[PDB]
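Student: The following file, input.cif, comprises mmCIF, C-alpha atoms and all ligand atoms:
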```
data_my_file
loop_
_atom_site.label_atom_id
_atom_site.label_comp_id
_atom_site.auth_asym_id
_atom_site.auth_seq_id
_atom_site.Cartn_x
_atom_site.Cartn_y
_atom_site.Cartn_z
CA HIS A 3 -22.61 -5.48 7.86
CA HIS A 4 -19.80 -3.84 5.80
CA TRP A 5 -16.21 -5.02 5.85
CA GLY A 6 -13.49 -3.73 8.06
CA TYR A 7 -10.90 -5.02 10.43
CA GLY A 8 -13.01 -5.75 13.50
CA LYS A 9 -13.72 -9.19 14.96
CA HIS A 10 -17.05 -9.48 13.15
CA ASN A 11 -16.19 -8.00 9.74
CA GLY A 12 -12.43 -8.63 9.58
CA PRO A 13 -10.25 -10.36 7.01
CA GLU A 14 -11.55 -13.79 8.05
CA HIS A 15 -15.02 -12.95 6.91
CA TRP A 16 -14.33 -11.19 3.58
CA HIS A 17 -14.75 -14.30 1.43
CA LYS A 18 -18.48 -14.34 2.21
CA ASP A 19 -19.00 -11.17 0.12
CA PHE A 20 -15.85 -11.40 -2.05
CA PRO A 21 -15.25 -15.06 -2.93
CA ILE A 22 -12.12 -14.02 -4.77
CA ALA A 23 -10.70 -13.75 -1.23
CA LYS A 24 -9.75 -17.44 -1.52
CA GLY A 25 -8.42 -16.91 -5.07
CA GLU A 26 -5.16 -18.02 -6.63
CA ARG A 27 -3.26 -14.73 -6.69
CA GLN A 28 -4.19 -13.20 -3.35
CA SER A 29 -2.06 -10.67 -1.52
CA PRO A 30 -0.23 -10.06 0.77
CA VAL A 31 2.22 -12.96 1.11
CA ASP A 32 5.24 -13.81 3.26
CA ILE A 33 8.52 -13.19 1.33
CA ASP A 34 10.84 -16.15 1.90
CA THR A 35 14.20 -14.64 1.03
CA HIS A 36 15.94 -17.97 0.52
CA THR A 37 13.33 -19.22 -1.95
CA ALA A 38 12.97 -15.95 -3.97
CA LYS A 39 14.75 -16.28 -7.37
CA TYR A 40 17.26 -13.67 -8.50
CA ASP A 41 16.12 -12.76 -12.07
CA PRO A 42 18.79 -10.72 -13.89
CA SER A 43 16.38 -10.03 -16.73
CA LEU A 44 14.44 -7.64 -14.46
CA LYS A 45 15.34 -4.01 -15.11
CA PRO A 46 15.84 -1.33 -12.46
CA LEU A 47 12.71 0.55 -11.51
CA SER A 48 12.18 3.99 -12.97
CA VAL A 49 10.38 6.36 -10.53
CA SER A 50 9.52 9.76 -12.06
CA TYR A 51 7.83 11.79 -9.38
CA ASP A 52 9.37 15.23 -9.96
CA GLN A 53 6.13 16.52 -11.55
CA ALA A 54 3.84 14.95 -8.94
CA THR A 55 0.79 17.01 -8.01
CA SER A 56 -0.82 16.03 -4.70
CA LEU A 57 -4.36 17.30 -4.23
CA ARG A 58 -6.04 16.04 -1.13
CA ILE A 59 -5.89 13.72 1.84
CA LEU A 60 -8.98 11.77 2.82
CA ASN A 61 -10.07 9.41 5.62
CA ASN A 62 -12.13 6.73 3.79
CA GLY A 63 -12.78 4.84 6.98
CA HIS A 64 -10.21 2.15 6.35
CA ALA A 65 -7.01 4.20 5.96
CA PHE A 66 -6.07 7.72 4.80
CA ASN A 67 -5.32 8.34 1.13
CA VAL A 68 -3.16 11.16 -0.25
CA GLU A 69 -4.50 11.57 -3.88
CA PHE A 70 -2.70 12.94 -6.87
CA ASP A 71 -3.69 14.43 -10.18
CA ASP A 72 -3.56 11.45 -12.64
CA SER A 73 -5.08 13.29 -15.71
CA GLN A 74 -1.63 13.25 -17.26
CA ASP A 75 1.71 11.50 -16.99
CA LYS A 76 2.97 13.67 -14.09
CA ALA A 77 4.09 10.96 -11.57
CA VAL A 78 4.90 7.63 -13.18
CA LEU A 79 6.51 4.29 -12.59
CA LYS A 80 8.01 2.13 -15.34
CA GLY A 81 10.77 -0.44 -15.85
CA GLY A 82 11.29 -3.21 -13.24
CA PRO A 83 8.93 -5.99 -14.34
CA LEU A 84 6.49 -3.56 -15.99
CA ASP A 85 5.66 -2.91 -19.64
CA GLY A 86 4.24 0.58 -20.21
CA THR A 87 3.64 3.52 -18.01
CA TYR A 88 1.90 3.42 -14.69
CA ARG A 89 0.49 6.67 -13.29
CA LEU A 90 0.53 7.38 -9.53
CA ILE A 91 -3.08 7.81 -8.33
CA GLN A 92 -2.78 7.70 -4.47
CA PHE A 93 -0.65 6.43 -1.52
CA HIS A 94 -1.84 5.14 1.88
CA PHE A 95 -0.55 3.05 4.80
CA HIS A 96 -1.39 -0.06 6.81
CA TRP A 97 -0.30 -0.04 10.50
CA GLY A 98 -0.72 -1.72 13.84
CA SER A 99 -1.81 -1.18 17.44
CA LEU A 100 1.77 -2.05 18.57
CA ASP A 101 5.15 -1.57 17.00
CA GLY A 102 5.65 -5.32 16.30
CA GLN A 103 2.75 -5.60 13.83
CA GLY A 104 1.23 -3.46 11.03
CA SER A 105 2.76 -4.49 7.65
CA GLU A 106 0.79 -6.69 5.26
CA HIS A 107 3.77 -8.31 3.52
CA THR A 108 6.30 -10.08 5.83
CA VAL A 109 9.97 -10.90 5.22
CA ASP A 110 10.95 -14.38 6.52
CA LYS A 111 7.92 -14.02 8.81
CA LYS A 112 9.04 -10.64 10.17
CA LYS A 113 6.30 -8.04 10.62
CA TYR A 114 7.11 -4.29 10.36
CA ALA A 115 5.33 -1.43 12.15
CA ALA A 116 3.64 -0.21 8.95
CA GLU A 117 3.49 -0.66 5.20
CA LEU A 118 3.29 2.19 2.67
CA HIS A 119 1.48 1.50 -0.69
CA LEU A 120 2.00 3.78 -3.71
CA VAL A 121 -0.83 2.89 -6.11
CA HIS A 122 -0.28 3.16 -9.91
CA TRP A 123 -2.57 2.22 -12.91
CA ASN A 124 -1.56 1.16 -16.43
CA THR A 125 -2.16 4.03 -18.87
CA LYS A 127 -3.09 1.65 -21.73
CA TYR A 128 -6.43 1.23 -19.91
CA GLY A 129 -7.32 4.99 -19.79
CA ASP A 130 -8.77 5.05 -16.28
CA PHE A 131 -8.28 3.45 -12.86
CA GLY A 132 -11.70 1.78 -13.00
CA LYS A 133 -10.80 -0.08 -16.23
CA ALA A 134 -7.27 -0.88 -15.01
CA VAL A 135 -8.54 -2.89 -11.97
CA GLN A 136 -10.30 -5.26 -14.36
CA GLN A 137 -7.01 -6.37 -16.02
CA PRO A 138 -4.30 -8.77 -14.78
CA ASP A 139 -1.65 -6.13 -15.50
CA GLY A 140 -3.82 -3.15 -14.58
CA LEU A 141 -2.02 -1.98 -11.45
CA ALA A 142 1.49 -1.63 -10.09
CA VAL A 143 1.78 -1.13 -6.28
CA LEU A 144 5.16 -0.19 -4.71
CA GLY A 145 5.18 -1.44 -1.06
CA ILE A 146 7.68 0.09 1.42
CA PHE A 147 8.13 -1.16 4.96
CA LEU A 148 8.29 1.20 7.96
CA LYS A 149 10.34 0.35 11.10
CA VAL A 150 10.41 2.58 14.30
CA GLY A 151 13.77 4.33 14.83
CA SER A 152 14.66 7.83 13.66
CA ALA A 153 11.89 10.26 12.49
CA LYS A 154 11.39 10.56 8.71
CA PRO A 155 11.36 14.28 7.92
CA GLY A 156 9.51 13.80 4.64
CA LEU A 157 6.56 12.23 6.51
CA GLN A 158 5.82 15.12 8.97
CA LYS A 159 3.61 17.16 6.61
CA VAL A 160 1.35 14.11 6.49
CA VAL A 161 1.44 13.50 10.23
CA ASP A 162 0.50 17.11 10.93
CA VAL A 163 -2.73 17.12 8.89
CA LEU A 164 -4.12 13.98 10.49
CA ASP A 165 -5.97 16.01 13.14
CA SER A 166 -8.08 17.57 10.46
CA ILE A 167 -9.25 14.23 8.93
CA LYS A 168 -9.87 12.37 12.15
CA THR A 169 -13.04 10.54 11.13
CA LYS A 170 -14.47 8.75 8.14
CA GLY A 171 -15.50 10.94 5.21
CA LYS A 172 -13.33 13.92 6.15
CA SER A 173 -10.88 15.38 3.68
CA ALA A 174 -8.42 18.20 3.46
CA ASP A 175 -6.60 20.07 0.74
CA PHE A 176 -3.11 18.61 0.56
CA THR A 177 -1.16 20.31 -2.23
CA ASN A 178 2.55 20.44 -2.91
CA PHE A 179 3.52 17.16 -1.12
CA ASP A 180 6.54 15.42 -2.73
CA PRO A 181 6.40 11.63 -2.49
CA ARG A 182 10.15 11.42 -3.18
CA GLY A 183 10.59 12.04 0.60
CA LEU A 184 9.15 8.56 1.36
CA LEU A 185 11.63 6.44 -0.66
CA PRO A 186 14.50 4.48 0.86
CA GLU A 187 18.00 5.01 -0.53
CA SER A 188 17.94 1.70 -2.45
CA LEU A 189 15.43 0.60 -5.04
CA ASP A 190 16.20 -3.15 -4.77
CA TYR A 191 13.02 -5.18 -4.79
CA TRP A 192 10.95 -8.30 -4.80
CA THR A 193 8.12 -8.81 -7.31
CA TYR A 194 5.21 -11.17 -7.70
CA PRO A 195 1.71 -11.23 -9.23
CA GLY A 196 -1.05 -10.52 -6.70
CA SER A 197 -4.13 -8.53 -5.74
CA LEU A 198 -5.60 -5.57 -3.92
CA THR A 199 -5.37 -6.20 -0.14
CA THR A 200 -8.77 -4.76 0.57
CA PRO A 201 -12.16 -5.68 -0.95
CA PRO A 202 -12.82 -6.07 -3.80
CA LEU A 203 -9.50 -8.01 -3.70
CA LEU A 204 -9.22 -8.05 -7.50
CA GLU A 205 -6.22 -9.85 -8.91
CA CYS A 206 -4.84 -7.04 -10.93
CA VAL A 207 -1.61 -6.09 -9.22
CA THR A 208 2.03 -6.51 -9.99
CA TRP A 209 3.55 -6.01 -6.50
CA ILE A 210 6.89 -4.26 -6.18
CA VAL A 211 8.16 -4.67 -2.60
CA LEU A 212 11.28 -2.73 -1.62
CA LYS A 213 13.96 -4.58 0.29
CA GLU A 214 15.00 -1.53 2.36
CA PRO A 215 12.59 -0.21 4.98
CA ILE A 216 12.38 3.44 5.93
CA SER A 217 12.44 4.54 9.59
CA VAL A 218 9.77 6.53 11.34
CA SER A 219 9.75 7.81 14.89
CA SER A 220 7.53 6.29 17.53
CA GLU A 221 5.71 9.64 17.88
CA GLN A 222 5.11 9.70 14.11
CA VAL A 223 3.38 6.27 14.10
CA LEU A 224 1.60 7.26 17.35
CA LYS A 225 -0.27 9.96 15.37
CA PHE A 226 -1.60 7.33 12.92
CA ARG A 227 -3.14 5.36 15.76
CA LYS A 228 -5.15 8.46 16.69
CA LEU A 229 -7.35 8.30 13.60
CA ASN A 230 -10.80 6.81 13.68
CA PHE A 231 -12.58 4.13 11.62
CA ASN A 232 -15.92 5.73 12.54
CA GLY A 233 -17.57 8.82 11.20
CA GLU A 234 -18.07 11.97 13.23
CA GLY A 235 -20.48 11.78 16.13
CA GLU A 236 -20.36 7.95 16.10
CA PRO A 237 -18.75 5.97 18.89
CA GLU A 238 -14.98 6.03 18.58
CA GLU A 239 -13.08 3.08 17.15
CA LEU A 240 -9.34 3.80 16.78
CA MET A 241 -7.95 3.15 13.28
CA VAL A 242 -5.30 0.46 14.10
CA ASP A 243 -4.45 -2.99 12.74
CA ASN A 244 -5.92 -2.22 9.20
CA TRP A 245 -3.69 -4.98 7.70
CA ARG A 246 -4.63 -8.26 6.02
CA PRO A 247 -2.58 -11.32 7.09
CA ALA A 248 -0.31 -13.22 4.65
CA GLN A 249 -2.16 -15.44 2.13
CA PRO A 250 -0.92 -18.70 0.53
CA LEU A 251 1.60 -18.24 -2.30
CA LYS A 252 0.10 -21.19 -4.18
CA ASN A 253 1.44 -21.42 -7.71
CA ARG A 254 3.59 -18.24 -7.70
CA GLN A 255 7.30 -17.43 -7.74
CA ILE A 256 8.72 -14.40 -6.02
CA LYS A 257 11.55 -12.86 -8.09
CA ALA A 258 14.31 -10.66 -6.68
CA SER A 259 16.04 -7.83 -8.55
CA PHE A 260 19.18 -8.46 -6.44
CA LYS A 261 21.31 -11.20 -4.99
ZN ZN B 1 -2.71 -0.84 0.80
#
```
Can you dump the structure from the file as structure tokens?
Ligand SMILES: [Zn+2]
Tutor:
Amino acid sequence: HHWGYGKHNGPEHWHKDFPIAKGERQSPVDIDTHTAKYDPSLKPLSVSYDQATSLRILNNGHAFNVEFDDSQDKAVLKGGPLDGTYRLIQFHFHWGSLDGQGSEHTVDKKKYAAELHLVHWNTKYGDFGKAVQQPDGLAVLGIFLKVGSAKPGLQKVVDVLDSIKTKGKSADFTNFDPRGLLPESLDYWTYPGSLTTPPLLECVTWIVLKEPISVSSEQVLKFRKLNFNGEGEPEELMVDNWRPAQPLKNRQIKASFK
């Protein structure tokens, strides 16, 4: 049946419907810090989220998306390894059933409790749908979450989860500022890759931040309370919605720092 993260429709089976699964620029990967190349030609990232307009939060049955108004250049990313302006469309997370797993990307084989993805599309392509068809169509900023101290800026999100418990549900989610989810440092790793869910198109320039943010145990606990299923269907907790690391193949990971 359709794809998911269960035993019968999980990452190991995706290739059957999406052959690109075994492609050459598949994501996520393990970041080997000793093999990453410092590239001093990379510029510092430019994050302009002060005009961000969040609109809604939805449970799509695979994660929860907070969506933004992308009809104009309100929340954009530029600089780093990018050419042009990338507009924020939505953010979502990947997490685990236990605190020692959940991230998609790994650092020297280390798994984090969750991974945040801020999704941006290249404005030269006019819409998100056209951007996914290009090798430079998307820019995703990935941020790792580790369990420690609560992140104040994440509570507004945690609190609305009850209202979007099952697949298909949505809730108005206005005035959320994504600046509350960034670490102090903007040092990063970058490589060419793909979406981590079907259709797994190879259109992403990944921007993975070196510094994780901390969340509290009780914060991540609330994530694990969501459901994959739709209302009135038998309950399947939304946990472990992460794809394992894929072969790097012919790619170089560059670092913005030494
Ligand atoms: Zn993601």
Student: Report as a list in words all protein, DNA and RNA residues lying within 10 Å of residue 102 of chain A, evaluated on only C-alpha atoms, omitting residues in the same chain fewer than 5 positions from it.
Tutor: residues 97, 112, 113, 114, 115, 116, 149 and 150 of chain A
Student: Hey, which bits of chain A sit within 10 Å of ligand ZN 1 (chain B), and for each residue what's the closest pair of atoms and how far apart in Å (one decimal), counting only C-alpha atoms and all ligand atoms, rows by chain and increasing number, as a Markdown table?
Tutor:
```
| residue | atom | partner | partner_atom | distance |
| --- | --- | --- | --- | --- |
| A:30 | CA | B:ZN1 | ZN | 9.5 |
| A:64 | CA | B:ZN1 | ZN | 9.8 |
| A:65 | CA | B:ZN1 | ZN | 8.4 |
| A:67 | CA | B:ZN1 | ZN | 9.5 |
| A:93 | CA | B:ZN1 | ZN | 7.9 |
| A:94 | CA | B:ZN1 | ZN | 6.1 |
| A:95 | CA | B:ZN1 | ZN | 6.0 |
| A:96 | CA | B:ZN1 | ZN | 6.2 |
| A:105 | CA | B:ZN1 | ZN | 9.5 |
| A:106 | CA | B:ZN1 | ZN | 8.1 |
| A:117 | CA | B:ZN1 | ZN | 7.6 |
| A:118 | CA | B:ZN1 | ZN | 7.0 |
| A:119 | CA | B:ZN1 | ZN | 5.0 |
| A:120 | CA | B:ZN1 | ZN | 8.0 |
| A:121 | CA | B:ZN1 | ZN | 8.1 |
| A:143 | CA | B:ZN1 | ZN | 8.4 |
| A:144 | CA | B:ZN1 | ZN | 9.6 |
| A:145 | CA | B:ZN1 | ZN | 8.1 |
| A:198 | CA | B:ZN1 | ZN | 7.3 |
| A:199 | CA | B:ZN1 | ZN | 6.1 |
| A:200 | CA | B:ZN1 | ZN | 7.2 |
| A:244 | CA | B:ZN1 | ZN | 9.1 |
| A:245 | CA | B:ZN1 | ZN | 8.1 |
| A:246 | CA | B:ZN1 | ZN | 9.3 |
```
Student: Give me the residues within 10 Å of residue 74 of chain A as a VMD selection string, counting only C-alpha atoms and dropping any in the same chain fewer than 6 places off.
Tutor: chain A and resid 89 to 90 125
Student: Could you work out how far atom CA of residue 91 of chain A lies from atom CA of residue 71 of chain A, giving the answer in Å with one decimal?
Tutor: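 For atom CA of residue 71 of chain A relative to atom CA of residue 91 of chain A, the distance reads 6.9 Å.
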Student: Which polymer residues, whether protein, DNA or RNA, lie within 12 Å of the coordinate (0.0, 16.7, 7.6) when you count only C-alpha atoms? List them as number ranges by chain, using the chain letters and numbers from the file.
Tutor: A: 58-60, 66-68, 155-168, 173-179, 222, 225-226
Student: Which residue is closest to residue 85 of chain A? Choose from A:208, A:182, A:191, A:172 and count all atoms listed in the file.
Tutor: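 Of all the options, A:208 lies closest to residue 85 of chain A.
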Student: What gap, in Å, lies between atom CA of residue 260 of chain A and atom CA of residue 180 of chain A?
Tutor: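 We find that atom CA of residue 260 of chain A and atom CA of residue 180 of chain A lie 27.3 Å from each other.
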